Amino acid sequence: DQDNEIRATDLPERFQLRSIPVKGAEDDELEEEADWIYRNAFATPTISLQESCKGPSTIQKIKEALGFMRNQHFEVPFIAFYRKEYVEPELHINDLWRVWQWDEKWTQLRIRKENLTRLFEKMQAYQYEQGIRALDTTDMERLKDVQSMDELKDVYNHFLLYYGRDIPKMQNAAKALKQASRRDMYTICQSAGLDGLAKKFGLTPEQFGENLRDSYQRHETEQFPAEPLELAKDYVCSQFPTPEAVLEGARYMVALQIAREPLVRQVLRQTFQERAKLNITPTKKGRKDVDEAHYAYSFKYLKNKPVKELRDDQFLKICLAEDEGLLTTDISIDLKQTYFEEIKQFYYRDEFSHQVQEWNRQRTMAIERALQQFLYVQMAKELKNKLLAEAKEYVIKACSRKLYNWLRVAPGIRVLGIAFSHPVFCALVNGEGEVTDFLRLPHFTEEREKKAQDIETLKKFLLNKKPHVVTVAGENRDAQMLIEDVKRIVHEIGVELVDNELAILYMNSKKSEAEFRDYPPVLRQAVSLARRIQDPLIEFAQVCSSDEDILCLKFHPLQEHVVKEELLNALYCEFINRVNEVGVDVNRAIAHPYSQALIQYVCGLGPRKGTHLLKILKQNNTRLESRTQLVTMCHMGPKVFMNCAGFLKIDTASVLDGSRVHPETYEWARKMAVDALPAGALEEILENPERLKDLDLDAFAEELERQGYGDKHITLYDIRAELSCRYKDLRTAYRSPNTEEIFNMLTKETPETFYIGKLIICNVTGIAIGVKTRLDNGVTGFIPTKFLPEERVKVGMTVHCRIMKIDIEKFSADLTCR
Amino acid sequence: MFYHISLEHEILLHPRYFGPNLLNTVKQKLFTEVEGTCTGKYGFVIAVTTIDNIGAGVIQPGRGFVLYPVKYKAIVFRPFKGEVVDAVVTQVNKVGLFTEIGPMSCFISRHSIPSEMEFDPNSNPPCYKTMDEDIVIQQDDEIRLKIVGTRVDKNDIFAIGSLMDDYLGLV
Amino acid sequence: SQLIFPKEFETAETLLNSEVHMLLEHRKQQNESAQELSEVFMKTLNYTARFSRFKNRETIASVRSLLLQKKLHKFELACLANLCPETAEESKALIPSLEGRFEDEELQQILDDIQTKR
């Protein structure tokens, strides 16, 4: 359906995927995002702790990056690999990606600022025809200078305060379904004409609002020449005949404009952004549920928690605690001398006359009602929400990094997989990605002869078809035996160890199994594993072609609480970072169903465009090794073309198309073939390590200053860096995962359970002499012979107490049991 | 809406609780087994106000349990069809609004509302909204609305709602 | 609604959202002064504490007495007290069983009494 419309229109697919279409950026607006995005994405220091793996020049760098893609429709990887000279070295691709959603954040705020100006001007057109507030140009300006969605909201509530009753008249203006009642007693007291004496207090709230950011009484409190209770007797009425009720209703009157002055919001926002202490108490249910078995123990006795003291994902765990009555938390600028003492004096008069003092007494606890009932309420949850997103984002930042490393493994090579599970399964893959063979081989273990006949099957497979690297599937001390099973076999070229949770989901996935459902299910895990060590990216694409597959993985224990839709694309985009880093070729896509899922990570392309190009490719039945055959046969648009064609790699077996050099920059690649002295010079520079030493790359920049495409010095060097090793995959070479990884892939040891003093269940292994104990994961070390004797250890059953020492290779389960 | 009806229950008491505090045990078992049940006959029982009387406890032949008929005055909420009630919205969606009227959730259709309330995408509060931003329904707002129908799922009775009358907006 | 959909709810007293609220909070101060409460109870208590347009018991008693003085149907005493329309018309403008029953000159009076007792 809609992919045909996607196929009809000619643009990069991810721009077409965005909920708001990309518009052309005039240079003022082009600049307007760049300062705003940089302030709100990189120049903002997070209140919670932040770390990962720059300067004011980025303001320009983002700005040129913005209009180069907003106006010209260039996706992030196209900039991040070909036009990075507009941004290097200030930003990385994931930061170049991080700019891109802030473009989406800017688009709403600009749209919404337009939307509110429509209301204000219409009410500006509605107010003048009719002490009510006037729609100032400052009111317009406060709408004009909006630099955050929070800043938008405060004006809107502030607008809705004095003019919420305009809405039936605005509906009448819309008529040129009617609005009923609101909630605040304001509405009755507004109709009661209390605003006259609300005007008669010490200050306008905005006049009071300026006194906040000054930290002094800039505008002095206007003492009306009466004691406050006399203005009651003017119009105590049918609403509040009590002189205290109008006087208290005045306080409810005036506190809410104090609550809804936008200038009050930012200063309360600013003060709370650093000066705020968090106090946490468990509930009555939380009396039982707070313990070291829960994660809420560290939060139990923590009083006046600084907002900066909040760790990287600490607050998310705090957020889970209020969900089921585990912990009740409160936040305050004050300590467990208040903030109000400064606030009270900033709206005050120092005259000791009871007229002024009762006016101050009217002023003092009125603004207190503003402080407690509203500002300690409404800005608190907005403070919570800002810390909610930061705590949520760190996990996704970590999980993006976790998936970043899993795509960082470098890949011709013949690989066998051993599938531990007693069904022990084994299978090979060819040098061209096809499964070669497979054999059911049930291994277990007194008597050892049933294992014995199958040991020589392994070296038979060495001499049947000679392999390079054979792999095992790390489980609870099952592949530890198997890494010793193959180690003797190879001794007659090596054996490697890798985990198989991605292989379990490869078994679990229906469509993954659907090619070879007759092939054994548990044996299908090594099919991925052998192809994983062959290449991780094609492996992840095959297992995780569907969206919730990545959800089925566990990058983090708390990965279910982050927002999925912004979680998924964050993981999904780092695929696109790596896929176009190496490239893709449509010949391996049409040949291998193994490599059929790599086409939708192409810059400018995706699933919707790439699938309809796949079927046309099968109709034409000639795949596109020729990058110009994309231009001719496929009749595909230049906006799609000049982005993606450089990222489509081509195997040379069928010469600059077999390079990471775009067709738009083959012309400068023709200038470097002359430096050898049309395909004779093309082979000579691409085969020799000696044409690059004398390659006059800076000389090509000399005419680049004349033409107007200059500063391509690294880019021309990138063409030289490409030709040194043909399609060199810059992913890190595969490394045997260390003991910490081994202990966390075999026993799947959580580093949280490395905590000393933690109850670890441990059934005794027995007398070999100290008694060794075994945990459910299978760790087995002897309890040290010093402490332990019936009442120090009960011989025959499990031991569970404070742990003492754990060994990363010897699986040491040490427990005092006393 | 919220009602005060006297109604019935049948408490099966095990012979464990046959000591000095069996009538107390019948009271606590009525509280435990009645307060919170989603009956279709009487909608939602919220709290048992008082015990009218504890009846004669017939010993069940061959089972040992004693059956007590308990009459109790209880607070009962029941969402009648064709009524106007104030809900609290908890989720926005294209297919409609998920509100929470208290003990129950509620679905409101996109075509059952007036055609001035349109979806607001890529906004940190997601909501339905008017083009002039006359009324915005973000999280935790009060919405008058007319529920049009009531159907029984026997576990949690939800009501479908609409907004085709005056004042059926934010308060 | 205007007519009855079931066949048994005529002989049952009707409560506001504040009579429910004041009775439910009595249960808690009975209970944690002496087991955990059910989730539907806590949810309904939070909902009816949110929409509690009478925060004092004597306001509830006065409103119930005056609604009985109006001599309207026993569902319609609690249908409108916990509802608070600012428009006496809103009353007829809504509940399809209250227009024509009474004339307009009492409606804004009972509405302003209700919002005064709020």
# chains A, B, ... in the order shown; residues from 1 in each chain; ligands from 1
$ interface_residues --of "chain B" --to "chain C" --cutoff "8 Å" --atoms "only C-alpha atoms" --output "number ranges by chain"
B: 1-6, 35-36, 46-47, 75, 80-84, 101-103, 165-167
$ interface_residues --of "chain A" --to "chain B" --cutoff "10 Å" --atoms "only C-alpha atoms" --output "PyMOL selection string"
chain A and resi 18-20+104-105+107-109+112+115-120+122+149-150+156+160+164+166-168+170-171+174+177-184
$ write_last_selection --atoms "C-alpha atoms" --output "PDB file, in the first residue's frame"
ATOM      1  CA  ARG A  18       9.124  11.168   9.888  1.00  0.00           C
ATOM      2  CA  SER A  19       5.744  12.180  11.278  1.00  0.00           C
ATOM      3  CA  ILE A  20       6.310  15.788  10.161  1.00  0.00           C
ATOM      4  CA  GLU A 104      12.181  16.817  15.129  1.00  0.00           C
ATOM      5  CA  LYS A 105      11.931  18.455  18.549  1.00  0.00           C
ATOM      6  CA  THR A 107       9.802  21.339  14.372  1.00  0.00           C
ATOM      7  CA  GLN A 108       7.001  20.951  16.913  1.00  0.00           C
ATOM      8  CA  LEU A 109       8.104  23.900  19.056  1.00  0.00           C
ATOM      9  CA  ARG A 112       3.375  25.186  18.369  1.00  0.00           C
ATOM     10  CA  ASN A 115      -0.169  27.908  16.950  1.00  0.00           C
ATOM     11  CA  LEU A 116      -0.201  29.969  20.138  1.00  0.00           C
ATOM     12  CA  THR A 117       0.499  33.242  18.309  1.00  0.00           C
ATOM     13  CA  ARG A 118      -2.734  32.573  16.445  1.00  0.00           C
ATOM     14  CA  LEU A 119      -4.622  32.524  19.760  1.00  0.00           C
ATOM     15  CA  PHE A 120      -2.909  35.530  21.294  1.00  0.00           C
ATOM     16  CA  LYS A 122      -6.989  36.634  17.896  1.00  0.00           C
ATOM     17  CA  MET A 149       8.544  23.192  25.531  1.00  0.00           C
ATOM     18  CA  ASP A 150       8.448  23.883  29.261  1.00  0.00           C
ATOM     19  CA  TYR A 156      -0.020  28.810  27.903  1.00  0.00           C
ATOM     20  CA  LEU A 160      -5.317  30.392  30.168  1.00  0.00           C
ATOM     21  CA  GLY A 164      -9.800  30.982  30.324  1.00  0.00           C
ATOM     22  CA  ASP A 166     -12.598  34.080  27.171  1.00  0.00           C
ATOM     23  CA  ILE A 167     -12.994  30.572  25.732  1.00  0.00           C
ATOM     24  CA  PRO A 168     -16.829  30.786  25.490  1.00  0.00           C
ATOM     25  CA  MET A 170     -13.489  32.585  21.859  1.00  0.00           C
ATOM     26  CA  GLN A 171     -16.029  29.917  20.946  1.00  0.00           C
ATOM     27  CA  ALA A 174     -15.036  30.765  16.606  1.00  0.00           C
ATOM     28  CA  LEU A 177     -20.285  22.719  22.735  1.00  0.00           C
ATOM     29  CA  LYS A 178     -19.995  25.803  24.914  1.00  0.00           C
ATOM     30  CA  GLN A 179     -17.533  25.830  27.789  1.00  0.00           C
ATOM     31  CA  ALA A 180     -18.714  24.890  31.278  1.00  0.00           C
ATOM     32  CA  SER A 181     -16.965  25.337  34.663  1.00  0.00           C
ATOM     33  CA  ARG A 182     -13.293  24.983  35.633  1.00  0.00           C
ATOM     34  CA  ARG A 183     -11.956  23.835  39.046  1.00  0.00           C
ATOM     35  CA  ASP A 184     -10.088  26.635  40.916  1.00  0.00           C
TER      36      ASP A 184
END
$ atom_distance --atom1 "atom CA of residue 57 of chain A" --atom2 "atom CA of residue 577 of chain A"
24.2 Å
$ interface_residues --of "chain A" --to "chain C" --cutoff "9 Å" --atoms "only C-alpha atoms" --output "ChimeraX atom specification"
/A:180-181,185,188,238-240,285
$ write_last_selection --atoms "C-alpha atoms" --output "PDB file, in the first residue's frame"
ATOM      1  CA  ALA A 180     -18.714  24.890  31.278  1.00  0.00           C
ATOM      2  CA  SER A 181     -16.965  25.337  34.663  1.00  0.00           C
ATOM      3  CA  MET A 185     -12.222  28.835  43.204  1.00  0.00           C
ATOM      4  CA  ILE A 188     -16.229  32.108  41.249  1.00  0.00           C
ATOM      5  CA  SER A 238     -23.084  36.674  48.757  1.00  0.00           C
ATOM      6  CA  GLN A 239     -20.033  34.597  47.824  1.00  0.00           C
ATOM      7  CA  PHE A 240     -17.882  35.203  50.916  1.00  0.00           C
ATOM      8  CA  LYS A 285       4.054  -2.307  52.643  1.00  0.00           C
TER       9      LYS A 285
END
$ select_by_dssp --residues "chain C" --states "helix (DSSP H, G or I)" --output "PyMOL selection string"
chain C and resi 19-31+39-50+57-70+74-81+88-92+104-117
$ write_last_selection --atoms "C-alpha atoms" --output "compact mmCIF listing (two decimals), in the first residue's frame"
# COMPACT_ATOMS: atom_id res chain seq x y z
CA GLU C 19 -20.33 10.64 50.95
CA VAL C 20 -18.37 7.78 49.38
CA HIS C 21 -15.12 9.66 50.06
CA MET C 22 -15.86 10.34 53.73
CA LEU C 23 -16.95 6.74 54.38
CA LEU C 24 -13.98 5.21 52.55
CA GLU C 25 -11.44 7.23 54.55
CA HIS C 26 -13.18 6.09 57.74
CA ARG C 27 -12.35 2.52 56.71
CA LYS C 28 -8.62 3.26 56.45
CA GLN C 29 -8.39 4.94 59.86
CA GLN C 30 -10.25 1.88 61.16
CA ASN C 31 -7.89 -0.50 59.37
CA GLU C 39 -6.44 -2.07 44.65
CA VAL C 40 -9.92 -1.23 43.33
CA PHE C 41 -10.77 0.32 46.72
CA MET C 42 -7.66 2.52 46.66
CA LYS C 43 -8.27 3.50 43.03
CA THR C 44 -11.90 4.48 43.68
CA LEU C 45 -10.83 6.32 46.85
CA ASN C 46 -8.25 8.33 44.90
CA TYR C 47 -10.80 9.08 42.16
CA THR C 48 -13.49 10.20 44.61
CA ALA C 49 -10.99 12.23 46.63
CA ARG C 50 -10.00 13.97 43.40
CA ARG C 57 -19.44 16.53 56.36
CA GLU C 58 -21.83 19.32 57.40
CA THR C 59 -21.80 20.70 53.85
CA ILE C 60 -22.81 17.19 52.73
CA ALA C 61 -25.64 17.07 55.29
CA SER C 62 -26.94 20.53 54.33
CA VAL C 63 -26.81 19.76 50.60
CA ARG C 64 -28.57 16.41 51.06
CA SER C 65 -31.26 18.03 53.22
CA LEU C 66 -31.89 20.80 50.67
CA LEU C 67 -31.90 18.33 47.77
CA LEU C 68 -34.54 16.36 49.67
CA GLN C 69 -36.37 19.69 50.11
CA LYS C 70 -36.38 20.10 46.32
CA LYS C 74 -33.58 9.91 44.57
CA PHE C 75 -31.04 9.29 41.80
CA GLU C 76 -31.15 12.97 40.85
CA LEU C 77 -30.19 14.24 44.31
CA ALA C 78 -26.70 12.75 43.94
CA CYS C 79 -26.63 13.09 40.14
CA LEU C 80 -26.14 16.87 40.30
CA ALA C 81 -24.65 17.72 43.71
CA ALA C 88 -28.91 25.81 35.68
CA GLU C 89 -29.63 25.32 31.97
CA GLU C 90 -26.65 22.91 31.85
CA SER C 91 -28.95 20.82 34.10
CA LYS C 92 -31.75 20.73 31.48
CA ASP C 104 -35.75 27.67 35.51
CA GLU C 105 -36.10 30.11 38.42
CA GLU C 106 -34.98 27.59 41.07
CA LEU C 107 -32.16 26.02 39.06
CA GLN C 108 -29.60 28.83 39.15
CA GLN C 109 -30.45 29.30 42.83
CA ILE C 110 -29.64 25.70 43.73
CA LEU C 111 -26.53 25.89 41.52
CA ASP C 112 -25.21 28.98 43.31
CA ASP C 113 -26.03 27.39 46.68
CA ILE C 114 -24.10 24.29 45.59
CA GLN C 115 -21.06 26.28 44.48
CA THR C 116 -21.30 28.34 47.67
CA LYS C 117 -21.17 25.18 49.80
$ select_by_dssp --residues "chain B" --states "strand (DSSP E)" --output "MDAnalysis selection string"
chainID B and resid 2:13 44:54 58:59 66:77 83:92 96:100 105:109 118:120 127:129 136:137 142:150 159:162
$ residues_around --residues "residue 30 of chain B" --least-positions-apart "2" --cutoff "12 Å" --atoms "only C-alpha atoms" --output "JSON, numbers by chain"
{"B": [7, 8, 9, 10, 11, 12, 13, 23, 24, 25, 26, 27, 28, 32, 33, 34, 35, 36, 37, 47, 48, 49, 50, 51, 53, 54, 68, 69, 70, 71, 72, 73, 74]}
$ residues_around --residues "segment 745-750 of chain A" --least-positions-apart "3" --cutoff "10 Å" --atoms "only C-alpha atoms" --output "short mmCIF file (atom, residue, chain, number, x, y, z; two decimals) with N, CA, C and O atoms, in the first residue's frame"
data_model
loop_
_atom_site.label_atom_id
_atom_site.label_comp_id
_atom_site.auth_asym_id
_atom_site.auth_seq_id
_atom_site.Cartn_x
_atom_site.Cartn_y
_atom_site.Cartn_z
N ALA A 473 29.28 -23.18 22.06
CA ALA A 473 28.13 -22.42 22.56
C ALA A 473 28.15 -22.38 24.09
O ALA A 473 27.73 -23.34 24.74
N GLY A 474 28.60 -21.25 24.64
CA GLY A 474 28.81 -21.11 26.08
C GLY A 474 27.58 -21.18 26.96
O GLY A 474 26.76 -20.25 26.97
N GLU A 475 27.45 -22.26 27.72
CA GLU A 475 26.37 -22.42 28.69
C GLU A 475 26.93 -22.80 30.06
O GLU A 475 28.14 -22.69 30.30
N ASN A 476 26.06 -23.26 30.96
CA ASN A 476 26.42 -23.46 32.36
C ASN A 476 27.39 -24.62 32.56
O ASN A 476 27.02 -25.71 33.03
N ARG A 477 28.66 -24.36 32.24
CA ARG A 477 29.75 -25.34 32.23
C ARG A 477 29.45 -26.50 31.29
O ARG A 477 29.77 -27.65 31.61
N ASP A 478 28.84 -26.22 30.14
CA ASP A 478 28.66 -27.24 29.12
C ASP A 478 29.68 -27.07 28.00
O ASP A 478 30.28 -28.04 27.53
N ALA A 479 29.89 -25.83 27.57
CA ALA A 479 30.95 -25.54 26.60
C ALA A 479 32.32 -25.43 27.25
O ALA A 479 33.32 -25.43 26.53
N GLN A 480 32.38 -25.31 28.58
CA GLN A 480 33.67 -25.43 29.25
C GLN A 480 34.24 -26.83 29.07
O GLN A 480 35.45 -27.00 28.89
N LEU A 497 35.40 -19.37 21.40
CA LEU A 497 34.26 -19.46 22.30
C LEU A 497 33.40 -18.21 22.14
O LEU A 497 33.93 -17.09 22.10
N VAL A 498 32.09 -18.40 22.03
CA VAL A 498 31.15 -17.31 21.86
C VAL A 498 29.82 -17.73 22.48
O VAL A 498 29.48 -18.91 22.50
N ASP A 499 29.09 -16.76 23.03
CA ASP A 499 27.79 -17.02 23.63
C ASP A 499 26.72 -17.18 22.56
O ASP A 499 26.90 -16.83 21.39
N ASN A 500 25.57 -17.72 22.97
CA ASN A 500 24.53 -18.12 22.02
C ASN A 500 23.12 -17.66 22.36
O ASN A 500 22.17 -18.33 21.94
N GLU A 501 22.93 -16.56 23.11
CA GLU A 501 21.58 -16.06 23.31
C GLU A 501 20.98 -15.53 22.01
O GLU A 501 19.78 -15.70 21.77
N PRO A 737 36.72 -13.94 24.12
CA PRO A 737 36.19 -13.16 25.24
C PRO A 737 36.76 -13.65 26.56
O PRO A 737 36.86 -14.85 26.80
N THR A 739 37.87 -13.87 30.80
CA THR A 739 37.32 -14.64 31.91
C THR A 739 36.08 -13.99 32.49
O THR A 739 35.12 -14.68 32.86
N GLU A 740 36.09 -12.66 32.61
CA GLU A 740 34.91 -11.94 33.07
C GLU A 740 33.74 -12.15 32.11
O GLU A 740 32.61 -12.39 32.55
N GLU A 741 34.00 -12.07 30.81
CA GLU A 741 32.98 -12.40 29.82
C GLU A 741 32.61 -13.88 29.89
O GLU A 741 31.43 -14.23 29.81
N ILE A 742 33.62 -14.75 30.05
CA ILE A 742 33.39 -16.19 30.14
C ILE A 742 32.53 -16.51 31.35
O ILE A 742 31.55 -17.26 31.25
N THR A 753 25.55 -9.59 41.59
CA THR A 753 25.76 -10.69 42.53
C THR A 753 27.22 -10.87 42.92
O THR A 753 27.52 -11.79 43.69
N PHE A 754 28.13 -10.04 42.41
CA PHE A 754 29.47 -9.95 42.98
C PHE A 754 29.49 -9.24 44.32
O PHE A 754 30.55 -9.16 44.95
N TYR A 755 28.35 -8.70 44.76
CA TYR A 755 28.27 -7.95 46.01
C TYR A 755 28.57 -8.87 47.19
O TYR A 755 27.94 -9.92 47.35
N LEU A 775 26.45 -23.61 43.20
CA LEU A 775 25.30 -22.76 42.94
C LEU A 775 24.53 -23.29 41.72
O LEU A 775 25.03 -24.11 40.95
N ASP A 776 23.28 -22.83 41.57
CA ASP A 776 22.42 -23.24 40.46
C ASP A 776 23.03 -22.95 39.10
O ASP A 776 22.77 -23.70 38.14
N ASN A 777 23.84 -21.90 38.97
CA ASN A 777 24.56 -21.67 37.73
C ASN A 777 25.69 -22.68 37.53
O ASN A 777 26.06 -22.95 36.38
N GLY A 778 26.22 -23.24 38.61
CA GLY A 778 27.25 -24.25 38.52
C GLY A 778 28.62 -23.86 39.04
O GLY A 778 29.59 -24.58 38.77
N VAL A 779 28.74 -22.76 39.79
CA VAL A 779 30.05 -22.39 40.31
C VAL A 779 30.41 -23.30 41.47
O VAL A 779 29.58 -23.62 42.33
N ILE A 808 37.02 -15.88 39.15
CA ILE A 808 36.52 -15.68 37.79
C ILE A 808 36.81 -16.89 36.92
O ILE A 808 36.19 -17.08 35.87
N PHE A 811 35.54 -20.43 40.00
CA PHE A 811 34.12 -20.57 40.33
C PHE A 811 33.90 -20.68 41.83
O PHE A 811 33.09 -21.48 42.31
#
$ residues_around --residues "segment 300-317 of chain A" --least-positions-apart "6" --cutoff "6 Å" --atoms "only C-alpha atoms" --output "PDB file with C-alpha atoms, in the first residue's frame"
ATOM      1  CA  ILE A  47      21.530  17.141  36.412  1.00  0.00           C
ATOM      2  CA  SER A  48      22.054  13.441  36.953  1.00  0.00           C
ATOM      3  CA  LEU A  49      25.484  11.956  36.363  1.00  0.00           C
ATOM      4  CA  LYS A 277      17.095  17.456  48.104  1.00  0.00           C
ATOM      5  CA  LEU A 278      15.324  14.113  47.765  1.00  0.00           C
ATOM      6  CA  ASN A 279      13.833  12.374  50.806  1.00  0.00           C
ATOM      7  CA  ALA A 391      17.563   8.257  33.742  1.00  0.00           C
TER       8      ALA A 391
END
$ residues_around --residues "segment 604-613 of chain A" --least-positions-apart "2" --cutoff "6 Å" --atoms "only C-alpha atoms" --output "list in words"
residues 3, 7, 12, 13, 600, 601, 602, 615, 616, 640 and 644 of chain A
$ write_last_selection --atoms "N, CA and C atoms" --output "compact mmCIF listing (two decimals), in the first residue's frame"
# COMPACT_ATOMS: atom_id res chain seq x y z
N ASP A 3 3.94 1.80 0.85
CA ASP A 3 5.30 1.70 0.32
C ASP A 3 5.34 2.04 -1.16
N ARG A 7 7.49 4.44 -2.75
CA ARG A 7 8.20 4.21 -4.01
C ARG A 7 7.90 5.29 -5.03
N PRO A 12 14.96 10.57 0.43
CA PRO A 12 15.40 9.58 1.42
C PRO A 12 14.25 9.08 2.28
N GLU A 13 14.29 7.78 2.57
CA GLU A 13 13.14 7.10 3.15
C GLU A 13 12.88 7.53 4.59
N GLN A 600 17.70 -2.84 4.12
CA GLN A 600 16.85 -1.81 4.70
C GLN A 600 17.60 -0.88 5.65
N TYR A 601 18.91 -1.04 5.80
CA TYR A 601 19.72 -0.11 6.56
C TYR A 601 20.51 0.84 5.67
N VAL A 602 20.13 0.95 4.39
CA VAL A 602 20.89 1.77 3.46
C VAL A 602 20.46 3.22 3.59
N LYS A 615 12.24 -6.59 -5.96
CA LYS A 615 11.41 -7.34 -6.89
C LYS A 615 11.63 -6.90 -8.33
N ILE A 616 11.89 -5.61 -8.55
CA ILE A 616 12.28 -5.14 -9.87
C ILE A 616 13.63 -5.73 -10.26
N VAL A 640 17.77 9.93 -3.97
CA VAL A 640 18.10 8.61 -3.46
C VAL A 640 19.48 8.18 -3.94
N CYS A 644 22.89 7.06 -1.53
CA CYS A 644 23.10 5.64 -1.25
C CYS A 644 24.20 5.00 -2.09
$ residues_around --residues "residue 112 of chain B" --least-positions-apart "3" --cutoff "12 Å" --atoms "only C-alpha atoms" --output "list in words"
residues 95, 96, 97, 107, 108, 109, 115, 116, 117, 145, 146, 147, 148, 160, 161, 162, 163, 164 and 165 of chain B
$ write_last_selection --atoms "N, CA and C atoms" --output "JSON list (two decimals), in the first residue's frame"
[["chain", "number", "residue", "atom", "x", "y", "z"],
["B", 95, "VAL", "N", -6.97, 5.34, 17.86],
["B", 95, "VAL", "CA", -8.23, 4.60, 17.87],
["B", 95, "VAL", "C", -9.20, 5.19, 18.89],
["B", 96, "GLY", "N", -8.71, 5.94, 19.86],
["B", 96, "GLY", "CA", -9.57, 6.58, 20.83],
["B", 96, "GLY", "C", -8.82, 6.89, 22.11],
["B", 97, "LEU", "N", -9.58, 7.39, 23.08],
["B", 97, "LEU", "CA", -9.06, 7.80, 24.37],
["B", 97, "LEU", "C", -9.35, 6.74, 25.42],
["B", 107, "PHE", "N", -13.32, 3.62, 27.08],
["B", 107, "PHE", "CA", -12.90, 3.86, 25.71],
["B", 107, "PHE", "C", -13.80, 4.91, 25.09],
["B", 108, "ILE", "N", -13.20, 5.90, 24.42],
["B", 108, "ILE", "CA", -13.96, 6.93, 23.72],
["B", 108, "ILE", "C", -13.47, 6.99, 22.28],
["B", 109, "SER", "N", -14.41, 6.90, 21.34],
["B", 109, "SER", "CA", -14.08, 6.79, 19.92],
["B", 109, "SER", "C", -13.66, 8.13, 19.33],
["B", 115, "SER", "N", -15.76, 16.81, 15.99],
["B", 115, "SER", "CA", -14.71, 16.80, 14.98],
["B", 115, "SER", "C", -13.71, 17.95, 15.13],
["B", 116, "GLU", "N", -13.66, 18.60, 16.29],
["B", 116, "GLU", "CA", -12.72, 19.68, 16.54],
["B", 116, "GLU", "C", -11.52, 19.23, 17.38],
["B", 117, "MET", "N", -11.51, 17.98, 17.84],
["B", 117, "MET", "CA", -10.50, 17.50, 18.78],
["B", 117, "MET", "C", -9.59, 16.54, 18.02],
["B", 145, "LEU", "N", -18.15, 13.38, 30.13],
["B", 145, "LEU", "CA", -18.52, 12.66, 28.92],
["B", 145, "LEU", "C", -19.73, 11.78, 29.19],
["B", 146, "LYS", "N", -20.44, 11.45, 28.11],
["B", 146, "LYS", "CA", -21.64, 10.63, 28.17],
["B", 146, "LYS", "C", -21.28, 9.22, 27.73],
["B", 147, "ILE", "N", -21.34, 8.27, 28.66],
["B", 147, "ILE", "CA", -21.14, 6.87, 28.28],
["B", 147, "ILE", "C", -22.39, 6.37, 27.57],
["B", 148, "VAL", "N", -22.19, 5.72, 26.43],
["B", 148, "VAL", "CA", -23.28, 5.37, 25.53],
["B", 148, "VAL", "C", -23.67, 3.91, 25.74],
["B", 160, "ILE", "N", -18.08, 2.29, 27.08],
["B", 160, "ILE", "CA", -17.74, 3.10, 25.92],
["B", 160, "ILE", "C", -18.43, 4.45, 26.06],
["B", 161, "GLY", "N", -17.74, 5.53, 25.65],
["B", 161, "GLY", "CA", -18.22, 6.87, 25.88],
["B", 161, "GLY", "C", -18.15, 7.73, 24.63],
["B", 162, "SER", "N", -18.76, 8.92, 24.74],
["B", 162, "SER", "CA", -18.83, 9.89, 23.66],
["B", 162, "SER", "C", -19.03, 11.27, 24.28],
["B", 163, "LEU", "N", -19.04, 12.30, 23.42],
["B", 163, "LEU", "CA", -19.02, 13.68, 23.88],
["B", 163, "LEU", "C", -20.00, 14.58, 23.12],
["B", 164, "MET", "N", -21.17, 14.07, 22.76],
["B", 164, "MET", "CA", -22.14, 14.85, 21.97],
["B", 164, "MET", "C", -23.20, 15.50, 22.86],
["B", 165, "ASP", "N", -22.75, 16.41, 23.72],
["B", 165, "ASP", "CA", -23.65, 17.30, 24.45],
["B", 165, "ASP", "C", -22.82, 18.47, 24.96]]
$ atom_distance --atom1 "atom CA of residue 535 of chain A" --atom2 "atom CA of residue 411 of chain A"
4.7 Å
